[PDB]
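For reference, the structure is listed below as structure tokens.
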Amino acid sequence: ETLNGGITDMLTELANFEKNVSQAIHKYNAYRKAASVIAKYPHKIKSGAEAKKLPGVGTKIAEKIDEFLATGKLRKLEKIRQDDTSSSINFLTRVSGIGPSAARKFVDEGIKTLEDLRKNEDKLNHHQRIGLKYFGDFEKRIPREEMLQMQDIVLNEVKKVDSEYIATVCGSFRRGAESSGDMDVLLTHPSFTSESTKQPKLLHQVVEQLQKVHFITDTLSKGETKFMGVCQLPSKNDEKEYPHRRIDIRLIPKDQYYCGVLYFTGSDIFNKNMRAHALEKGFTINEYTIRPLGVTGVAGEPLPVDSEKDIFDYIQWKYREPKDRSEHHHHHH
DNA sequence: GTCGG
DNA sequence: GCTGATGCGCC
DNA sequence: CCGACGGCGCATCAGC
Ligand SMILES: [Mn+2]
Ligand SMILES: [Mn+2]
Ligand SMILES: [Mn+2]
Ligand SMILES: [Mn+2]
Ligand SMILES: [Mn+2]
Ligand SMILES: [Mn+2]
Ligand code: NA
Ligand code: NA
Ligand code: NA
Ligand code: NA
Ligand code: NA
Ligand code: NA
Ligand code: NA
């Protein structure tokens with residue numbers, strides 16, 4: 001059903017090879033960009049020349065597209081698929097906590113399959129152990145209806161610790177997706193701003209309560225402002241158990257909420273595009289601030305921002321609503 | 001790998 | 001302890 | 001070996 005679906009799958013697959021196997025993070029991003037603009041292109045691509053007009057598609061991808069349009073495949077990708085070392089490395093990176101470095105190391109030590117991973121628990125750190133343990137569950141997408149139940153648990157229990165926390169479920173959920181990979185919760189509290197931490201355990205207290213009602217079930221990593229863990233909906237009595245889910249919680253300075261929500265709403269590729277455009281307009285954006293770059297490449301004072309749209313306005317973009325910050329594709333008949 | 005120099 | 005590099009993660 | 005490319009939190013290491 002997807003317009004230019006073959007091409008866009010081909011680019012995503014090369015991208016992943018580059019990140020996981022080549023550890024070539026810049027080529028990964030070039031292939032992701034190429035895939036993103038091709039998938040948002042509303043016409044069927046017929047040659048490499050055409051694709052080459054799109055920003056981020058250059059001679060080599062045009063050559064591949066030309067090849068893919070002739071044969072319906074890419075010999076470069078056939079070779080990679082036959083390579084059992086690449087394949088196992090690629091696979092191992094899908095476990096949370098195993099990245100391209102650990103995957104390569106595991107694979108040359110004879111750990112090539114899940115079965116092999118579950119045999120060598122003792123080599124895994126705590127993150128990796130938890131990612132192994134929930135590997136199948138984490139592959140499942142969360143239906144928006146379960147996101148609503150998880151939301152109702154998180155808001156209720158946040159309120160119970162302190163009425164002046166505000167929690168906002170961002171990510172794909174806030175962009176309106178019908179399913180989400182995980183749940184990302186943006187949290188503020190007026191004791192925490194860019195200038196002061198008036199209370200010390202602001203994030204912890206929330207996490208503690210979420211463990212106490214048995215909603216958060218495991219921890220991957222945790223600091224003063226970002227928690228990363230596992231969570232799970234409580235089931236109907238006797239009914240089947242719900243799969244475990246990833247949950248991310250980020251506490252942001254109350255007075256930098258808009259930059260924070262912009263960041264945490266994504267998509268990841270919108271953020272990258274938006275922040276790249278800001279750079280070429282002479283601004284630098286992160287989850288806290290938008291700052292102008294000095295003539296010498298150095299960021300100055302933060303600019304005032306009273307809404308998400310103020311940030312767009314600064315870099316001369318039409319405000320795009322959350323739903324329009326997702327990636328999209330087109331269809332053929 | 002692509003683009004701005 | 002601090003700073004800076006590497007690895008892995010978030011959007 | 002042209003160099004930038006989005007920006008940063010948490011975990012852990014190295015060197016001081
Ligand atoms: Mn579709
Ligand atoms: Mn489009
Ligand atoms: Mn998410
Ligand atoms: Mn997440
Ligand atoms: Mn028809
Ligand atoms: Mn994501
Ligand atoms: Na097609
Ligand atoms: Na181009
Ligand atoms: Na991974
Ligand atoms: Na920890
Ligand atoms: Na489970
Ligand atoms: Na631009
Ligand atoms: Na205002």
Side-chain angles (χ1 to χ4, degrees), chain A residues 11 14-15 17-20 22-38 51-65 76 92-106 124-128 130-131 138 168-175 177 180-186 203 219-229 246-253 256 259-281 283-291 293 297 299 315 322 325-327:
Chain A
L11 293 178
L14 284 164
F17 167 76
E18 295 301 339
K19 162 184 167 278
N20 298 329
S22 304
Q23 313 196 243
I25 198 55
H26 295 300
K27 297 191 169 190
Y28 155 85
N29 282 326
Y31 277 127
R32 296 248 297 157
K33 188 177 195 146
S36 175
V37 305
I38 286 168
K52 186 150 157 47
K53 298 185 190 166
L54 297 178
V57 178
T59 317
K60 300 189 85 168
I61 298 181
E63 291 182 22
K64 288 154 167 85
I65 290 156
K76 190 183 172 75
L92 292 193
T93 65
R94 295 162 76 178
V95 169
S96 188
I98 306 186
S101 174
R104 176 166 290 254
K105 197 205 167 156
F106 294 153
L124 303 196
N125 68 38
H126 179 77
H127 197 322
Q128 292 167 338
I130 305 296
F138 293 169
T168 307
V169 177
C170 303
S172 46
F173 177 80
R174 176 160 188 270
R175 320 194 291 279
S180 301
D182 78 330
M183 168 171 258
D184 311 299
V185 184
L186 183 58
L203 185 54
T219 301
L220 298 178
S221 84
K222 180 175 136 288
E224 183 74 356
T225 65
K226 180 170 79 78
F227 173 82
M228 194 163 85
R246 281 279 288 99
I247 181 174
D248 291 315
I249 310 182
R250 194 69 198 272
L251 176 72
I252 56 161
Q256 302 185 310
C259 294
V261 87
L262 184 67
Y263 156 62
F264 212 34
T265 300
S267 68
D268 57 344
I269 263 143
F270 175 87
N271 289 341
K272 182 155 189 296
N273 292 332
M274 176 159 204
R275 300 188 177 186
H277 183 62
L279 281 185
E280 77 192 342
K281 297 288 182 149
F283 299 84
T284 179
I285 294 187
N286 55 28
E287 72 263 66
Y288 307 115
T289 62
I290 169 157
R291 297 165 297 171
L293 301 159
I315 68 169
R325 299 180 211 179
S326 272
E327 290 296 280

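Every chain is numbered from 1 and lettered A, B, ... according to where its sequence line falls, protein lines coming before strand lines.
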Problem set entry | Spacing between A:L251 atom CG and D:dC8 atom P, to the nearest angstrom | 17 Å
For this session: Check whether any side-chain N or O of A:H127 sits under 3.5 Å from a backbone N or O of A:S221 as a donor-acceptor pair, and report yes or no.
Result: no
For this session: Report the distance from atom CD1 of A:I269 to atom P of D:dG6, rounded to the nearest whole Å.
Result: 12 Å
Problem set entry | Side-chain donor or acceptor of A:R250 paired with backbone N/O of A:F227 under 3.5 Å | no
Exercise. What does A:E224 touch in the nucleic acid at a heavy-atom separation under 4.0 angstrom: a base, only the sugar-phosphate, or nothing?
Worked result: sugar-phosphate
Exercise. Would you say A:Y288 reaches D:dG9's phosphate, i.e. side-chain N/O to OP1/OP2 under 4.0 Å?
Worked result: yes
Exercise. With a non-hydrogen cut-off below 4.0 angstrom, is A:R291 in contact with a base, only sugar-phosphate, or nothing?
Worked result: sugar-phosphate
For this session: Look at all strands and tell whether A:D184 reaches a base, only sugar-phosphate, or nothing, counting heavy atoms closer than 4.0 Å.
Result: sugar-phosphate
For this session: Would you kindly compare A:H26 and A:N286 by the position of their nearest DNA chain D nucleotide and give the one closer to the 5′ end?
Result: A:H26
Exercise. Do the non-hydrogen side-chain atoms of A:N271 and A:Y263 ever get within less than 4.5 Å of each other?
Worked result: yes
For this session: For A:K64, look at atom NZ and say whether over 12 heavy atoms of other residues, nucleotides or ligands are found less than 6.0 Å away.
Result: yes
Problem set entry | Sugar-phosphate only, base, or nothing, as touched by A:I98 at under 4.0 Å among non-hydrogen atoms | sugar-phosphate
Problem set entry | Contacted groove, taking side-chain atoms of A:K226 that come under 5.0 Å of paired bases | minor
Exercise. Looking across every strand, which nucleic acid part, if any, lies under 4.0 Å from A:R246 by heavy atom: base, sugar-phosphate, or nothing?
Worked result: sugar-phosphate
Exercise. Taking the P atom of each, how far is C:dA5 from D:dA4, in whole Å?
Worked result: 14 Å
Problem set entry | Under 3.5 Å: donor-acceptor pair, side chain of A:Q128, backbone of A:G97 | yes
For this session: Could you tell me whether A:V37 contacts a base, only the sugar-phosphate backbone, or nothing, with contacts defined as non-hydrogen atoms closer than 4.0 Å?
Result: nothing
Problem set entry | Touch class at under 4.0 angstrom, heavy-atom based, for A:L186 against every strand present | nothing
Exercise. What heavy-atom pair brings A:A34 and A:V57 nearest, and what distance separates the two atoms?
Worked result: CB-CG2, 4.3 Å
For this session: Would you mind classifying the nucleic acid contact of A:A102 as base, sugar-phosphate or nothing, using non-hydrogen atoms under 4.0 angstrom?
Result: sugar-phosphate
For this session: Please work out if A:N20 contacts a base, only the sugar-phosphate, or nothing of the nucleic acid, heavy-atom cut-off 4.0 Å.
Result: nothing
Exercise. Got a second to check how far A:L203's CG is from A:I249's CD1, nearest 0.5 Å?
Worked result: 6.0 Å
Exercise. Hey, does the side chain of A:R175 reach the backbone of A:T265 with a donor-acceptor pair shorter than 3.5 angstrom?
Worked result: yes
Exercise. At under 4.0 Å between heavy atoms, what does A:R104 touch on the DNA or RNA strands: base, sugar-phosphate, or nothing?
Worked result: nothing
Problem set entry | Nearest-Å distance once atom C1' is located in both D:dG3 and B:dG5 | 10 Å
Exercise. Using a cut-off of less than 4.0 Å, is there contact between a side-chain N or O of A:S96 and OP1 or OP2 of C:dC8?
Worked result: no
For this session: Let me have DNA chain B in dot-bracket notation, would you? Count Watson-Crick plus G-U wobble pairs, both distances under 3.5 Å, and use [ ] for pairs crossing earlier ones and | for inter-strand partners.
Result: ||||.
For this session: Write down the distance between CZ (A:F264) and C1' (D:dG6), rounded to a whole number of angstrom.
Result: 16 Å
Exercise. For A:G229, does its backbone N or O pair with a side-chain atom of A:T219 as donor and acceptor, under 3.5 Å?
Worked result: no
Exercise. Is A:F270 touching bases, backbone alone, or none of the nucleic acid, heavy atoms closer than 4.0 Å?
Worked result: nothing
For this session: Can you check whether any acceptor in the base of C:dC10 is under 3.5 Å from a donor in the side chain of A:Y263, or vice versa?
Result: yes
For this session: Starting at CG of A:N286, measure out to CZ of A:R275 and round the result to the nearest 0.5 Å.
Result: 6.0 Å
Exercise. Base, sugar-phosphate, or nothing: which does A:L220 touch, judged by heavy atoms less than 4.0 Å apart?
Worked result: nothing
Exercise. A:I61 CD1 to B:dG1 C1': how many Å, rounded?
Worked result: 6 Å
For this session: Remember a base hit wins even if backbone is also touched, and classify A:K60 as base, sugar-phosphate or nothing at under 4.0 Å, heavy atoms.
Result: sugar-phosphate
Seminar exercise, completed: Answer for the Watson-Crick or wobble partner of C:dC8, both distances under 3.5 Å, is D:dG9
Exercise. Does C:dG1 have its sugar in the north or the south range once you look at the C1'-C2'-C3'-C4' torsion?
Worked result: north
Exercise. Expressed in whole Å, how much space separates the P atoms belonging to B:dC3 and D:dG6?
Worked result: 13 Å
Exercise. Centres under 5.5 Å and planes under 30° for the six-membered rings of D:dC5 and D:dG6?
Worked result: no
Problem set entry | Polar side-chain contact A:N271-C:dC11 base: donor and acceptor under 3.5 Å | yes
Exercise. Taking NZ from A:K272 and P from D:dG6, how many angstroms apart are they, rounded to a whole number?
Worked result: 4 Å
For this session: Please work out if A:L262 contacts a base, only the sugar-phosphate, or nothing of the nucleic acid, heavy-atom cut-off 4.0 Å.
Result: nothing
